[PDB]
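Let us start with two forms of the same protein chain, each given on its own as structure tokens and named structure 1 and structure 2.
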Structure 1
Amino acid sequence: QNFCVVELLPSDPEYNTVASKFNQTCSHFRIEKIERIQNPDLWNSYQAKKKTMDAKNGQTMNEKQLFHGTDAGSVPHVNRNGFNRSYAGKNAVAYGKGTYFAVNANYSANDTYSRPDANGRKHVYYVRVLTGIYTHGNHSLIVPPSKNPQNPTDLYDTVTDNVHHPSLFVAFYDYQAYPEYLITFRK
């Protein structure tokens, strides 16, 4: 429930990694700051989920770093809780009801997701997400579908808009995502 926020200096390698990724598609924005969110209990629950996923998915690289735009007022909620059940920015559209994450930052930089606040600042997290093994989503999902109807325990881990060339992923569970970095920027 408790956490720390550490601002990255522009000259730190970590700053540059995050900024470079963001700027692949968001170079016309101006980055005001980049912070690392340190929430030990959330990190520990996320690592336990990764350890379980890594034990079951074979060679799959279960983790992706993806983007999530949100309004200024959701930042304290995400910082304490991650993208949990009460997170007001969960969405229910063509790929299911859950939390939506973008492969590319420009998608999250849309004003609909990273709403500019009264000072014009926009907020996009760069999030460790356990994408695991995924399939094509659909509007009815609140959890991902089962992989094999002949042994329906094991579900897909996430769903996506396009299995072989994804642009977004939907995660349905708490502790499937860790809000590692917060990028504050403007137009």
Structure 2
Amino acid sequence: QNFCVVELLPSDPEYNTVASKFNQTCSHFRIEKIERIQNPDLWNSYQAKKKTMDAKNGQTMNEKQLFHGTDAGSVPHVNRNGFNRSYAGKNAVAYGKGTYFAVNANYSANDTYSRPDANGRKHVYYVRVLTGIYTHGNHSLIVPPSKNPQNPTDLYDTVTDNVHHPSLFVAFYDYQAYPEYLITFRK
């Protein structure tokens, strides 16, 4: 549960890459800084889960990079515990009980998700999520649904709002998503 935080220099190839993807829908926001979260436990759980997904879903590209807006209050919890069950309790439920990730930063940048702190600062993560093989989510899914309702040994990895034109993804467990970068920004 130990972690380090490293601020990225605006001059760093890594900074450019992250800002570039943030600015595809959020260029009208001012970036205050970008930190890399380094949580060795959360990382090793994630890489291990990625290895077994790659052995299992054949040609599927299991890894996506998605945005997660949140309040300042949640940042320490997430940097430590990841996107775990207690955190999942604080998310919406319309597409299932888990943590919600947007394809486009400007979804996450809504004030409902990345609530502005007393100084007007907004917080959005650029998360590695193992979306793997996914299906339409709904409110009743409080665990990953089975492909076959008669066989719970074949589970979907995540759920989405729309399988063929997805806007968001719900992940159920902490080993499925790594909060790699935290973007602090303002209007």
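Residues that one form lacks are left out of the comparison. Residues are numbered by position in structure 1's sequence, first residue being 1. Heads up, when I say rigid core I mean the largest set of C-alphas that superpose within 1.5 Å between the two forms.
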Next on the checklist: Superpose on the core and compare between structure 1 and structure 2; which one of 120, 58, 40, 149 crosses the 2 Å Cα shift mark?
Outcome noted: 149
Next on the checklist: If I superpose the two forms on their rigid core, does the C-alpha of residue 80 end up displaced by 2 Å or more between structure 1 and structure 2?
Outcome noted: no
Checklist entry - What is the C-alpha shift for residue 174 between structure 1 and structure 2, rigid core superposed, to one decimal in Å? => result 1.7
Next on the checklist: After superposing on the rigid core, what is the C-alpha displacement of residue 17 between structure 1 and structure 2, in Å?
Outcome noted: 0.5
Item to check | Distance the CA of residue 93 travels between structure 1 and structure 2 [rigid core superposed, Å] | outcome: 2.9
Checklist outcome for this item: In terms of 2 Å or greater CA shifts after rigid core superposition, the runs of three or more consecutive residues between structure 1 and structure 2 are 88-94, 148-152
